[PDB]
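Novice: before the rest arrives, take these chains from my complex:
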Amino acid sequence: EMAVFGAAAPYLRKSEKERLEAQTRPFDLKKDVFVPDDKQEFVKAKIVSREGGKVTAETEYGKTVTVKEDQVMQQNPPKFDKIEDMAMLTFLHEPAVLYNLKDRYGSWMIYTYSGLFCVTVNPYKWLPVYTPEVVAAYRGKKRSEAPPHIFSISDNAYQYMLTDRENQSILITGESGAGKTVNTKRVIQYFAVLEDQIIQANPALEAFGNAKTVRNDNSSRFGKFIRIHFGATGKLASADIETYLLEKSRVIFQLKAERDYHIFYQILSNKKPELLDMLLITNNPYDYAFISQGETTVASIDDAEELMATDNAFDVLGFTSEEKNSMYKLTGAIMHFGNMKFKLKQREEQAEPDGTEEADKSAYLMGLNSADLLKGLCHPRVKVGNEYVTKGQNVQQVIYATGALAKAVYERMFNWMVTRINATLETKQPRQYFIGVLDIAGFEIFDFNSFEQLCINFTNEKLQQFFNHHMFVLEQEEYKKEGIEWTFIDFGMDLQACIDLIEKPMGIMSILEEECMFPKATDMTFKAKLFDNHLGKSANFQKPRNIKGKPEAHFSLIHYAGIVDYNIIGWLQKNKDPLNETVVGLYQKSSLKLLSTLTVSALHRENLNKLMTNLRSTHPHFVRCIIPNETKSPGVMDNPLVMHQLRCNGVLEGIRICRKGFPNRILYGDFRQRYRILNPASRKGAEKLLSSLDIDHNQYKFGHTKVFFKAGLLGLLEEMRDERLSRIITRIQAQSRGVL
């Protein structure tokens, strides 16, 4: 039945008798319920009795804490434990999911369904999970029959693409560096059954598009989308790679607990004297504002070896060696743009440069004329009507202009590498029915949330909205398939409030965009408009909260993952992106590869719209990866960490949405053969049994093939079963004594 998996059998499913024999354990449906904790926020405990507002709770550690009876919450039934899909569980709660996952992980059960989601914790030990025999025997297995596994959803999506003649794409969410790379590599390998090319290219993009964050030291800021183009007969054809939503403010500005992209630090390595020599670098990051503005450096991974890997990958790749020097010198020049002064002129608001030596080095790097660059920057020229007019700008305006120019040129550079690697990637085979794979940062939460964090949260909000809509559509399809259609209210508007407050005109983003246009803008009055337009006017917006002396609190919102508090300082300064057209034209006349190479809120909005439109055309599938503990050790798990990860992953949202319907769906035959003993004597039998049980009809929906129950009804029938079997045991003992 299951032995085909060989040595992999125990991990995907213990055994027919192991889980069954372990199933019979003592439990009280009335006095073995969960209890909130203080450090882990949740612990296993038993209640002595009912004592009003106080309850005597004893946990495994050994305590006599008390909890108000209003927030006490039931515990999972014993015979429903170790369930593959939480949607079938009869008690959906925040700690129930954590306990189910923790016990599955303890029992070496890695994968776990959560409805559509497929949570996959990452054990730090070798497993036979990726054994070639496992994948060979796993082919063609349906989603339902097979145990939960990423290969299961991969095969299901493959079959759907083959049959429906429709594109399928998969999106994975989790923590990068804890197994994300391994997960995606194994997924693409399963499709393969150009892996070498993908793995050789990945380090370069990682180096270009990663920075050290407060939580993760190798955060992948940009969103990576890889399309596996197939053939008409469902044969692998080629691969395509794209990048979207690359943050540029981080390039120019760095937070106190943040670092710029790993590139600059890697080049600053001394082990390549020639590059440093021909970049004209002091070799001290503290000498430069674009780098040392944030945290100087961290041990983390070895920068020297990473740069070796990146440059060798460039060497063994489609393009030549000269452009490697070209790109290194270009990025060095980008670095050099953090040194001009441009003092204001006397008796005038015009600006005039002072330290005109870094300008010469930059021009030599780009082969342009420093005098021309200074003339253009000081007096930008624009064409109106049929003539040209030159107007000057103050120091702040030119500073913003140069920052925007650097951000734009870096973005164009990254796009150029993406195009080059993509061109080197695919082959001549015909391409059809691509399959999408998306890698993006999760709904990160910090204690000092800022503009970039707001953008990430907004993107995750849109993704969660798309997931919710897809769930609603699938549920409607299933219900109409079963002849049931009631309470069919879409879930889009449930989450649409935040989206409207963010993007819509006179919304948060629109207000931010329109405010900075005004000649005199300040953060305090910006917050004033925000409060006037949203405080009380909009439900989601509300007063911030200050707890445990957090650094600051300016305004808070209620997201899908909970209440999030943001900050206002510095947003206006870094939101503007003024692009100087004349300087762009000067680059167009430059003598270098720059010819080939060439507010942030609006660009982010348009890019997100484009990506969502692109994804709307492909059937979605979802994967989740969660770290079990802060430390690298396995087995041990930090409950607060897992709870926070689950809250940020949206799994709780999915289970909550499932709960408000009729989550329990069970077969009539099994129900009759396992629950008819209560009142023994399939439409007439089932309706009679449920009528005699004295249960209000509203708590359940009756069908023709599957019977639909709420979470609590199963538990109620469970203690009914316990009482009935106790009575049966007593009667059997009495009869046996009668025989004696």
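Specialist: Cool, got the structure. Residues are numbered from 1 along each chain as shown, chains lettered A, B, ... in the order given.
Novice: tell me the centre residue of chain A?
Specialist: residue A:442 (2.5 Å; Cα atoms, centre = their mean).
Novice: ok, now which ones touch the nearest residue to that residue once chain neighbours are set aside?
Specialist: Nearest residue to residue A:442, sequence neighbours excluded (Cβ to Cβ, 6 or more residues apart in numbering): residue A:173, at 5.2 Å. C-beta coordinates here come from the backbone N, C-alpha and C atoms, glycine included. If a contact means Cβ atoms under 8 Å, 6 or more residues apart in numbering, then residue A:173 has A:440, A:442, A:622-625, A:649-650 as its contacts.
Novice: give me that answer again for 7 Å
Specialist: A:442, A:624, A:649 (Cβ atoms under 7 Å, 6 or more residues apart in numbering).
Novice: need those in JSON lines with secondary structure and distance to residue A:248, can you?
Specialist: Below are the contacts of residue A:173 laid out as JSON lines (DSSP: H, G, I helix; E, B strand; the rest coil; distance: Cβ to Cβ, whole Å):
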{"residue": "A:442", "secondary structure": "coil", "distance to residue A:248": "21"}
{"residue": "A:624", "secondary structure": "strand", "distance to residue A:248": "29"}
{"residue": "A:649", "secondary structure": "helix", "distance to residue A:248": "27"}
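Novice: can you list the residues you listed in TSV and add distance to residue A:8?
Specialist: Converted to TSV, the contacts of residue A:173 look like this (distance: Cβ to Cβ, whole Å):
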residue	distance to residue A:8
A:442	29
A:624	21
A:649	26
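Novice: show me which of those residues is closest to residue A:186.
Specialist: Of all the contacts of residue A:173, residue A:186 sits closest to residue A:624, with 15.3 Å by Cβ to Cβ.
Novice: put chain B onto that model:
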Amino acid sequence: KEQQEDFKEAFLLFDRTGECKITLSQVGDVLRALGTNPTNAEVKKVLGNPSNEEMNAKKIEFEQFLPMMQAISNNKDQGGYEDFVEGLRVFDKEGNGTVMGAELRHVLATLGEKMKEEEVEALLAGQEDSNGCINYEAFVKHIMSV
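Specialist: One more chain to add, chain B, which I have set with the ones above:
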């Protein structure tokens, strides 16, 4: 009246000390094997819950046996044939109607009230087939007769 005489005859039969005095266990068994099945909880309730010493300390007479038997005769919570069949069905995991003796042995000796092993071997010997499985329905019929 005739059943009263039969019960008195049984009490006389079961006397051992020759004093016409026997503890409560003998009366409980007499009722148990003569048309009623009062569980140990019912026996304690009708006898005031004798403790470990009271079980063999105090003894009652047939005159005080009349009220308790009269009351017990009014208790009809004895289950039904279909009820027992369904209750035993819960252990038919394979659906073949065969239950190995080990599972029922563990259930009886670990769940519910306790029965002495000597009672088990005296009452549950010889009906086990070569494979050690007992038909629960056949067992039901046999326990209904003897």
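Novice: the contacts of residue A:173 again please, chain B included this time.
Specialist: A:442, A:624, A:649 (Cβ atoms under 7 Å, 6 or more residues apart in numbering or on different chains).
Novice: ramachandran coordinates for it?
Specialist: The phi and psi values for residue A:173, taken as degrees, to the nearest 10, are phi -130, psi 140.
Novice: how much space separates the residue of chain B most remote from its centre from residue A:16?
Specialist: In chain B, counting by Cα atoms, centre = their mean, residue B:94 sits farthest out from the average C-alpha position, at 29.7 Å. Distance, residue B:94 to residue A:16, using Cβ to Cβ, to the nearest Å: 11 Å.
Novice: buried residues in stretch A:558-574, which are they?
Specialist: Going by neighbour count (16 or more other Cβ atoms under 10 Å in any protein chain shown), the buried part of stretch A:558-574 is A:559-561, A:564-568, A:571-574.
Novice: now those residues as a markdown table including secondary structure and distance to chain B?
Specialist: Listed next are those as a markdown table, based on DSSP: H, G, I helix; E, B strand; the rest coil; distance: Cβ to the nearest Cβ, whole Å:
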| residue | secondary structure | distance to chain B |
| --- | --- | --- |
| A:559 | strand | 48 |
| A:560 | coil | 43 |
| A:561 | coil | 44 |
| A:564 | strand | 51 |
| A:565 | strand | 54 |
| A:566 | strand | 57 |
| A:567 | coil | 61 |
| A:568 | coil | 65 |
| A:571 | helix | 65 |
| A:572 | helix | 70 |
| A:573 | helix | 71 |
| A:574 | helix | 67 |
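Novice: what's the most distant pair in these?
Specialist: So, these by Cβ to Cβ: farthest apart are A:560 and A:573, at 29.6 Å.
Novice: for chain A, what lies in contact range of chain B?
Specialist: A:677, A:680, A:725, A:728-740 (Cβ under 7 Å from any Cβ of the partner chain).
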